[PDB]
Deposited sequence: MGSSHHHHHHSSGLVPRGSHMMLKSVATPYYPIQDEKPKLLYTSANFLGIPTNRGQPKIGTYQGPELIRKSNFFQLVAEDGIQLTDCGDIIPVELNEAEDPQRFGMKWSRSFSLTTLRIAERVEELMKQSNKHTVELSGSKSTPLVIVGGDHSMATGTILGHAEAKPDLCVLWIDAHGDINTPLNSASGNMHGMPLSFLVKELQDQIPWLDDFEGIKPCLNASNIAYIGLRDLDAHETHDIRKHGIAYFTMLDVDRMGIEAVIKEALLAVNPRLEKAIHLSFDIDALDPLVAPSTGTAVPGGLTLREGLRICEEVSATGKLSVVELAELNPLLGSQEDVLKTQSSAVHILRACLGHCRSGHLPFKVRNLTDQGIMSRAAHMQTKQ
């Protein structure tokens, strides 16, 4: 009756991928919610595997290199994440999805690296207002959370500066293994690289013209045609409209409705191939108390959909009967 009967939960409180303090509280925002209770109510055994501890160096240890901010904290954290995800995914070999809560999106380099170590032929569905595929010299901001895919994509490696501490970060993705949904604020050089190397992408313009149902279908068609590959679903909460997810660092108006977001996750879940889902860029320190509650709520509904929650309802495990308790029913009484 369930596609996934077990799941693992991992927190990754990354906060050195971008300058706004608070993404480190992301995992706790979800733990404080009713997520676990709701998942159990659906019959799923969810194991909290704790948090990864990011490496956070001081300024002296981690100066700017090629404009990148905290790049050694990044490289060390990436390797620590990858090791943990790899070992979690290998104990998993009905499959057992890994649910990851961030943390800023710089964590994705590590999670995908480790995931691909366990499952080399995976595909990536990237749900985001942003491309997150800036190579270091093209990044105006120097924020690592805008670069995580660039280190992973083989076709881009002539645009990545060599750093010794980045050697263990091996490019494990082909451009043909990635599909974007939700884009609406690409940098020019991202647009260039995406089009040049033929990365499948469906922006909010595409969602408007095609509808989310067709977009989801085409995205899966592009990178997982016959559902042969494990899916890495990388969900940036800022893919959703700021009206439903205001508490995040780089919000952009005109996003996915919660319903559109749910449809993406419902379809990905229903493939039976959801291997890892990560939810990035929750920041409970941004916005009002009600803003945080809305963002939390949206996140929980999204993550539930990923694990197979159905808005059309679930059947009970044991159907209750009235006579079993020795109780007279109205139907019984009338006869």
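Student: Could you sort out which parts of the deposited sequence are absent from the coordinates (no C-alpha) and give them as ranges from 1?
Tutor: 1 to 38, 132 to 140, 383 to 385 are the stretches of the deposited chain that have no C-alpha coordinates in the structure.
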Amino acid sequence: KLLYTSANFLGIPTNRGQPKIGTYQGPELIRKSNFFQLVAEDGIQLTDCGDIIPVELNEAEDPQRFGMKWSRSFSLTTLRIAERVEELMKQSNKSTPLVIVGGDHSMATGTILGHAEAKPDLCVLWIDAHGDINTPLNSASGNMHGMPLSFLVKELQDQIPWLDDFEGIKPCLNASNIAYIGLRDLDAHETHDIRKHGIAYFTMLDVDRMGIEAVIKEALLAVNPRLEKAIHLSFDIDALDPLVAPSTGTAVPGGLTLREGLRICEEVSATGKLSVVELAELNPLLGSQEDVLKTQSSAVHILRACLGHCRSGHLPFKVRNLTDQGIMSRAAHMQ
From here on, numbers count along this sequence of modelled residues.
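Student: State which stretch shows the higher mean Cα B factor in the entry: 80 to 88 or 212 to 220.
Tutor: Comparing 80 to 88 with 212 to 220, the higher average CA B-factor belongs to 80 to 88.
Student: Mean CA B-factor: is it higher for 323 to 331 or for 5 to 13?
Tutor: Comparing 323 to 331 with 5 to 13, the higher average CA B-factor belongs to 323 to 331.
Student: Taking the Cα B-factors listed in the entry, which of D238, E167, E190, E260 comes out highest?
Tutor: It is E167.
Student: Could you check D42, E267, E281, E278 and tell me which one carries the biggest Cα B-factor in the deposited entry?
Tutor: Of the options given, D42 has the highest CA B-factor in the PDB entry.
Student: What third of the chain does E117 rank in for C-alpha temperature factor, lowest, middle or highest?
Tutor: It belongs to the highest third of the chain when residues are ordered by C-alpha B-factor.
Student: Please say which third, lowest, middle or highest, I302 falls into when its CA temperature factor is compared across its chain.
Tutor: It falls in the bottom third of the chain.
Student: Where does the C-alpha B-factor of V101 rank in its chain, lowest, middle or highest third?
Tutor: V101: CA B-factor falls in the lowest third of its chain.
Student: Name the third of the chain's ranked CA B-factors that contains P171, choosing lowest, middle or highest.
Tutor: It belongs to the highest third of the chain when residues are ordered by C-alpha B-factor.
Student: Where does the C-alpha B-factor of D185 rank in its chain, lowest, middle or highest third?
Tutor: It belongs to the middle third of the chain when residues are ordered by C-alpha B-factor.
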